[PDB]
Peer 1: 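Would you mind keeping the following structure in view while I ask a few things?
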Amino acid sequence: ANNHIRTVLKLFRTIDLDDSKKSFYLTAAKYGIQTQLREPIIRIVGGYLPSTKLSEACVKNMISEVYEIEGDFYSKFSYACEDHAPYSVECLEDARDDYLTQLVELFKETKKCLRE
Ligand SMILES: [Br-]
Ligand SMILES: [Br-]
């Protein structure tokens with residue numbers, strides 16, 4: 001219900017990816033989080049009855065893993081980019097598929113623990 005939506009949106013708003021990173025990188029990283037995690041989780045918890053207990057521990061662990069997954073994306077976009085110059089669109093594109101794959105796997109695991 002809308003109480004669960006509020007709780008989940010507030011937790012997603014705590015995600016700080018470092019807004020001084022390249023604008024086009026942040027656009028991609030945030031869009032992946034939005035489309036692979038925030039929107040599908042909001043769809044799920046919006047359907048709960050208002051009295052249903054949502055596992056905040058489950059959502060908070062999901063948030064923690066987003067930082068790890070985005071940090072990996074950023075390293076491969078920048079200094080650890082192998083085949084192209086750091087910050088190049090090739091580096092972003094070359095790392096983006098795996099970033100999204102990791103977010104999809106995190107979504108699948110998070111779904112299992114959402115209900116307390
Ligand atoms: Br949403
Ligand atoms: Br329910």
Side-chain angles (χ1 to χ4, degrees):
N2 289 311
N3 54 320
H4 308 104
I5 292 179
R6 172 177 174 270
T7 302
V8 169
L9 288 183
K10 285 184 94 61
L11 285 167
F12 272 92
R13 273 196 293 274
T14 75
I15 295 172
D16 185 354
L17 301 184
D18 187 357
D19 287 336
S20 66
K21 290 169 171 170
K22 296 293 187 187
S23 60
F24 55 87
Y25 170 84
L26 291 172
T27 290
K30 291 178 186 177
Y31 182 87
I33 290 158
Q34 169 192 325
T35 56
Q36 305 300 337
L37 285 171
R38 195 186 79 211
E39 288 174 347
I41 291 175
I42 286 300
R43 291 185 229 117
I44 289 166
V45 307
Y48 294 169
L49 304 185
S51 60
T52 293
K53 292 319 183 268
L54 165 73
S55 174
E56 294 200 9
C58 175
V59 185
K60 282 175 174 177
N61 174 79
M62 182 273 304
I63 297 295
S64 297
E65 293 206 55
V66 169
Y67 281 79
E68 298 172 330
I69 292 161
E70 186 278 328
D72 180 64
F73 185 22
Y74 187 69
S75 74
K76 291 163 182 171
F77 164 67
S78 59
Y79 51 91
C81 184
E82 61 298 299
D83 302 329
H84 300 96
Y87 316 108
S88 68
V89 66
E90 291 93 345
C91 292
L92 192 162
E93 293 182 341
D94 282 344
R96 187 176 59 211
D97 288 355
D98 189 53
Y99 172 66
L100 297 179
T101 293
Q102 292 183 50
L103 293 181
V104 168
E105 284 313 302
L106 177 58
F107 173 64
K108 288 170 180 294
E109 286 311 301
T110 299
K111 273 199 294 172
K112 301 176 188 182
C113 55
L114 284 173
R115 284 168 175 273
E116 217 176 52

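One is the number of the first residue; the rest follow in order along the sequence.
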Peer 1: Taking side chain as C-beta onward, heavy atoms only, is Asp94 less than 4.5 Å from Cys81?
Peer 2: no

Peer 1: Donor-acceptor check, side chain of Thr52 to backbone of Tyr48, threshold 3.5 angstrom: yes or no?
Peer 2: no

Peer 1: Roughly how far, to the nearest 0.5 Å, is CD of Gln36 from OH of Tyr99?
Peer 2: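 The OH atom of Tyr99 sits 9.5 Å away from the CD atom of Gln36.
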
Peer 1: Distance-only, no hydrogens or angles: does the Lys21 side chain make a donor-acceptor pair with backbone N or O of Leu17 under 3.5 Å?
Peer 2: yes

Peer 1: Atom CD of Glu116 and atom NZ of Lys53: how far apart are they, to the nearest 0.5 Å?
Peer 2: 8.5 Å

Peer 1: How long is the span from the CD1 atom in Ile41 to the CD1 atom in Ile5, to the nearest 0.5 Å?
Peer 2: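 Atom-to-atom, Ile41:CD1 and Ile5:CD1 are 12.5 Å apart.
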
Peer 1: Is the side chain of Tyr67 donor-acceptor paired with the backbone N or O of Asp16 at a distance under 3.5 Å, no angle test?
Peer 2: yes

Peer 1: Is it true that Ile15 and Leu9 fall in one hydrophobic cluster, defined by side-chain heavy atoms closer than 4.5 Å?
Peer 2: yes

Peer 1: For the pair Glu109 and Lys112, find out whether any cationic side-chain nitrogen is under 4.0 Å from an anionic carboxylate oxygen.
Peer 2: yes

Peer 1: Within the side chain of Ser64, is there an N or O that forms a donor-acceptor pair under 3.5 Å with the backbone of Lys60?
Peer 2: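 Yes: the side chain of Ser64 pairs with the backbone of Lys60.
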
Peer 1: Would you indicate whether the side-chain heavy atoms of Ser75 and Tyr79 approach each other to under 4.5 Å?
Peer 2: yes

Peer 1: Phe24: what forms a side chain to side chain contact (heavy atoms under 4.5 Å, CB included) with it, not counting sequence neighbours?
Peer 2: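 In terms of side chain to side chain contact (heavy atoms under 4.5 Å, CB included), with neighbours along the sequence ignored, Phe24 is linked to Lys22, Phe77, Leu92.
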
Peer 1: Taking side chain as C-beta onward, heavy atoms only, is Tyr25 less than 4.5 Å from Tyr87?
Peer 2: no

Peer 1: State, with a plain yes or no, whether a side-chain heavy atom of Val8 is found less than 4.5 Å away from one of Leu54.
Peer 2: yes

Peer 1: Could you give the distance from CZ (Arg13) to CZ (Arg38), rounded to the nearest 0.5 Å?
Peer 2: 8.5 Å

Peer 1: To the nearest 0.5 Å, tell me how far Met62 CE sits from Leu103 CG.
Peer 2: 10.0 Å

Peer 1: Could you report the tightest heavy-atom contact between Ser55 and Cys113, atom names first, then the distance?
Peer 2: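 In terms of heavy atoms, the two residues are closest at CB-O, 3.3 Å.
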
Peer 1: Quick one: side chains of residues 26-35, donor-acceptor pairs under 3.5 Å with protein atoms, not counting sequence neighbours, listed by atom name and distance.
Peer 2:
residue : atom : partner : partner atom : Å
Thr27   : OG1  : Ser23   : O            : 3.1
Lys30   : NZ   : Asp19   : OD1          : 3.1
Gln34   : NE2  : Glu39   : OE2          : 3.0
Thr35   : OG1  : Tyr31   : O            : 2.8
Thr35   : OG1  : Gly32   : O            : 3.4

Peer 1: Given side chains that start at C-beta, do those of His4 and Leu114 come closer than 4.5 Å, heavy atoms only?
Peer 2: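 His4 vs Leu114: side chains apart.
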
Peer 1: CD1/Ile69 to CD/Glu105 distance, rounded to the nearest 0.5 angstrom?
Peer 2: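 Going from the CD1 atom of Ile69 to the CD atom of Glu105 covers 9.5 Å.
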
Peer 1: Set out, in order, the CA-CA distance, both residues' side-chain angles and the distance that settles salt bridge (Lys or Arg N to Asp or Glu O under 4.0 Å) for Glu56 and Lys10, then state yes or no.
Peer 2: CA-CA 11 Å; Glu56 294 200 9; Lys10 285 184 94 61; over 6 Å; no

Peer 1: Answer whether the closest heavy-atom distance between the side chains of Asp72 and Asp98 falls below 4.5 Å.
Peer 2: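 The answer is yes; the side chains approach within 4.5 Å.
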
